[PDB]
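Asks: Attaching a single structure in structure tokens format; questions to follow.
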Amino acid sequence: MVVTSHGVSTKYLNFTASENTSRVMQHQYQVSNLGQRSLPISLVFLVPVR
Amino acid sequence: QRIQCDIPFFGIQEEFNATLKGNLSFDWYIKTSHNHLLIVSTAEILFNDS
Amino acid sequence: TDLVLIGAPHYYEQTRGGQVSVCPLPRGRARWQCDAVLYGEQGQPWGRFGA
Amino acid sequence: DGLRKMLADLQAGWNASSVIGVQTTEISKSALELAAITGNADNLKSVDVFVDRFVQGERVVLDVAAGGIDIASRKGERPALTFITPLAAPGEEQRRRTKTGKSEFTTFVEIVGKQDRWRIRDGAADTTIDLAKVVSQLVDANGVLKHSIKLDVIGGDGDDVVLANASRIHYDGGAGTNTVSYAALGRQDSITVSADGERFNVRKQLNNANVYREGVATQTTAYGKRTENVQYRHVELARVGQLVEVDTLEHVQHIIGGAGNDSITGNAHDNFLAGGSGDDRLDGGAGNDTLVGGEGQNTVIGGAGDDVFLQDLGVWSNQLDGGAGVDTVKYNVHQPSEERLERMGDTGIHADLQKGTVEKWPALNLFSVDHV
Ligand SMILES: *[C@@H]1O[C@H](CO[C@@H]2O[C@@H](C)[C@@H](O)[C@@H](O)[C@@H]2O)[C@@H](O[C@@H]2O[C@H](CO)[C@@H](O)[C@H](O)[C@H]2NC(C)=O)[C@H](O)[C@H]1NC(C)=O
Ligand SMILES: *[C@@H]1O[C@H](CO)[C@@H](O)[C@H](O)[C@H]1NC(C)=O
Ligand SMILES: *[C@@H]1O[C@H](CO)[C@@H](O)[C@H](O)[C@H]1NC(C)=O
Ligand SMILES: [Ca+2]
Ligand SMILES: [Ca+2]
Ligand SMILES: [Ca+2]
Ligand SMILES: [Ca+2]
Ligand SMILES: [Ca+2]
Ligand SMILES: [Ca+2]
Ligand SMILES: [Ca+2]
């Protein structure tokens, strides 16, 4: 089973320090069970916060 | 932040998307020599290795 | 019920006539398919096997 | 009129013979405006309450000043009591008019608030009370919490069902087999039910709960010269972060938890403990109890007596302990689903009490096993 980033995930953002506008970011992953078996799995996302 | 999501049944030859969405701000930016900083988020699949 | 037998008495081959198809019943919403075909003896054209 | 359809839907869903449906009507902005133009905004009242009977969308003694809903009912009747519009606070409203100097006669609203409770008496029938859409907090224009409006309900004779909410609930079931349902709680919420003999103490932990609260709005009018102002009550929605409340239950035999991870414990009588969705812990205690773990990874303790476990051929794994006495686990309650038939066919379960395992999806996943 494979996990891949997907194209619609945000690639670029830019900002001006003189302005305080926020922006939305999404990281989209695609998970597939290409094998011949079905199993319980766990997904872990590490997210930089501060 | 380590977000861990548990799926009890991941079926055979089936797939799904897992988006990770939130809003941003740019008050953490460090004025380094390079004109850009990269924000990297990692998603990795675990299972019972035994 | 497990299966349905369907007959084609006017199937044409150079040496056999007649044909019967075995069709197991579909499971849930799966498609209905044929799996096996039964035949009569050789050298009997227009024998109408499966009438 | 679209409300007929939703009243009919509620009546059909609950298997209710009829629905009462208290409704609350805040004063129209036009009426308060006109009270401001005329100058006589003082004696007016801002919130009015009406109650009717509604069978399939067509057509009880209440005192707003004392917090008492008194409905009469007959045996065999199976009615429902709902709140179409948010129910206001108890007590009587009073208004005055103050000179306020250069500002011309502004400040108006106040509430006596001798009591901080709503009391509902249902009579003698199988009554359903829907305690949603009830105000649980009262505040002033400054935004400070004065009282926590609490709900007290009495059951009577028959089998009575109440659907709980964020308010502090003292539910007296009376006679008959009675039920409290916390199914409105979300996944982030939880309950912890503990037994003190015949009484139950319920601790509800609601994270980012959404609660109606009543404040004081302020509409103003200029009339060609120096302004005269008014005010009025205003129910509204808000999320108040973390809330902890301690409900109390008496003469209740059945409890249903929410969509979160609940911890529910019974007593020496016969209990119906349901957990719903989430990783719930159910303990029946003594007596012949029935235990429904629902979805999720549940741990279920039966205790002494002859207990019944109900299962649903799910994908999760469950932990089940029977305790003393002769116990039973049943898998035949639910009809198999379509995807179950597609993925598995006509195969059901492989159960072995020597191994202590029940495999609900044999040879397709090895972790959908109930341990008994
Ligand atoms: C990883 O799995 C092992 C084995 O689990 C058993 O075999 C699987 C095929 C499936 O059928 C499971 O339901 C079985 O329980 C776990 O090891 C077992 O752990 C239980 C208690 O959790 C213990 O009673 C057994 O003796 C253990 N057996 C063995 C062979 O180790 C193990 O805990 C799992 N790992 C994690 C992190 O959950
Ligand atoms: C995120 O930012 C965008 C643009 O600044 C805004 O439209 C949106 O409402 C924000 N969402 C949240 C949850 O802050
Ligand atoms: C994931 O998103 C993409 C968007 O292009 C979509 O085409 C795809 O079908 C999605 N994955 C699944 C399993 O639906
Ligand atoms: Ca009653
Ligand atoms: Ca009762
Ligand atoms: Ca639950
Ligand atoms: Ca019990
Ligand atoms: Ca559950
Ligand atoms: Ca018991
Ligand atoms: Ca027992």
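Chains: A, B, ... in order of the structure tokens. Residues: from 1 per chain. Ligands: from 1, in order shown.
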Need to verify the contact set: residue 4 of chain A, 8 Å, only C-alpha atoms, exclusion of same-chain residues closer than 2 positions in sequence. Can you return it as an MDAnalysis selection string?
Replies: chainID A and resid 2 6 29:31
Asks: So which residues are near ligand 1, meaning at most 6 Å away with only C-alpha atoms and all ligand atoms counted, given back as a PyMOL selection string?
Replies: (chain B and resi 48+50) or (chain D and resi 366-367+369)
Asks: Any chance you could export the current selection's C-alpha atoms as a PDB file, in the first residue's frame?
Replies:
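The resulting part.pdb:
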ATOM      1  CA  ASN B  48       1.113  -4.148  13.125  1.00  0.00           C
ATOM      2  CA  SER B  50       4.184  -8.581  13.940  1.00  0.00           C
TER       3      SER B  50
ATOM      4  CA  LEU D 366      -7.927 -10.732  11.122  1.00  0.00           C
ATOM      5  CA  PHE D 367      -8.657  -7.854  13.530  1.00  0.00           C
ATOM      6  CA  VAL D 369     -12.640 -10.216  16.377  1.00  0.00           C
TER       7      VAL D 369
END
Asks: Taking only C-alpha atoms into account, which residues of chain D are within 8 Å of chain B, as a list in words?
Replies: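 Written out as asked, the residues are residues 315, 316 and 365 of chain D.
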Asks: Export N, CA and C atoms of the chosen residues as a PDB file, in the first residue's frame?
Replies:
ATOM      1  N   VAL D 315     -16.987  -3.966  11.944  1.00  0.00           N
ATOM      2  CA  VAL D 315     -15.581  -4.076  11.563  1.00  0.00           C
ATOM      3  C   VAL D 315     -14.634  -3.863  12.735  1.00  0.00           C
ATOM      4  N   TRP D 316     -15.116  -3.328  13.852  1.00  0.00           N
ATOM      5  CA  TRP D 316     -14.266  -3.085  15.004  1.00  0.00           C
ATOM      6  C   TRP D 316     -14.086  -4.363  15.816  1.00  0.00           C
ATOM      7  N   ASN D 365     -10.374  -9.883   7.160  1.00  0.00           N
ATOM      8  CA  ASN D 365      -9.481  -9.152   8.046  1.00  0.00           C
ATOM      9  C   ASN D 365      -9.384  -9.917   9.358  1.00  0.00           C
TER      10      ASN D 365
END
Asks: For ligand 10, return the neighbouring residues as a list in words (distance at most 6 Å; only C-alpha atoms and all ligand atoms).
Replies: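 For ligand 10, the residues inside 6 Å are residues 302, 303, 304, 305, 306, 307, 322, 323, 324, 325 and 327 of chain D.
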Asks: Residues within 7 Å of ligand 5, counting only C-alpha atoms and all ligand atoms: report them as a ChimeraX atom specification.
Replies: /D:155-160,173-178
Asks: Export, as a short mmCIF file (atom, residue, chain, number, x, y, z; two decimals), in the first residue's frame, the selected residues with N, CA and C atoms.
Replies:
data_model
loop_
_atom_site.label_atom_id
_atom_site.label_comp_id
_atom_site.auth_asym_id
_atom_site.auth_seq_id
_atom_site.Cartn_x
_atom_site.Cartn_y
_atom_site.Cartn_z
N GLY D 155 -42.31 12.35 35.86
CA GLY D 155 -42.78 11.37 34.89
C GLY D 155 -44.19 10.82 35.05
N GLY D 156 -44.63 10.56 36.27
CA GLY D 156 -45.98 10.05 36.44
C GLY D 156 -46.09 8.55 36.57
N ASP D 157 -46.74 7.89 35.60
CA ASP D 157 -47.11 6.49 35.72
C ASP D 157 -46.49 5.57 34.69
N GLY D 158 -46.47 5.95 33.41
CA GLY D 158 -46.08 5.07 32.34
C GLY D 158 -44.61 5.19 31.97
N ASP D 159 -44.28 4.59 30.83
CA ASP D 159 -42.91 4.59 30.32
C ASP D 159 -42.61 5.94 29.68
N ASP D 160 -41.68 6.69 30.26
CA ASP D 160 -41.41 8.06 29.88
C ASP D 160 -39.99 8.18 29.33
N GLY D 173 -38.39 9.94 37.04
CA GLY D 173 -39.14 9.08 36.14
C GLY D 173 -40.46 8.60 36.69
N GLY D 174 -40.64 8.60 38.01
CA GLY D 174 -41.86 8.06 38.56
C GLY D 174 -41.93 6.56 38.37
N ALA D 175 -43.15 6.07 38.19
CA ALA D 175 -43.36 4.65 37.95
C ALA D 175 -43.12 4.30 36.48
N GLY D 176 -42.95 3.01 36.22
CA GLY D 176 -42.74 2.52 34.88
C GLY D 176 -41.27 2.51 34.48
N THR D 177 -41.00 1.82 33.37
CA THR D 177 -39.65 1.76 32.82
C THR D 177 -39.37 3.04 32.06
N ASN D 178 -38.33 3.76 32.47
CA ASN D 178 -38.06 5.10 31.98
C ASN D 178 -36.71 5.14 31.28
#
Asks: Produce as a list in words the set of residues near ligand 8, where near means within 7 Å with only C-alpha atoms and all ligand atoms considered.
Replies: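 So, counting only C-alpha atoms and all ligand atoms, the residues near ligand 8 are residues 275, 276, 277, 278, 279, 280, 293, 294, 295, 296, 297 and 298 of chain D.
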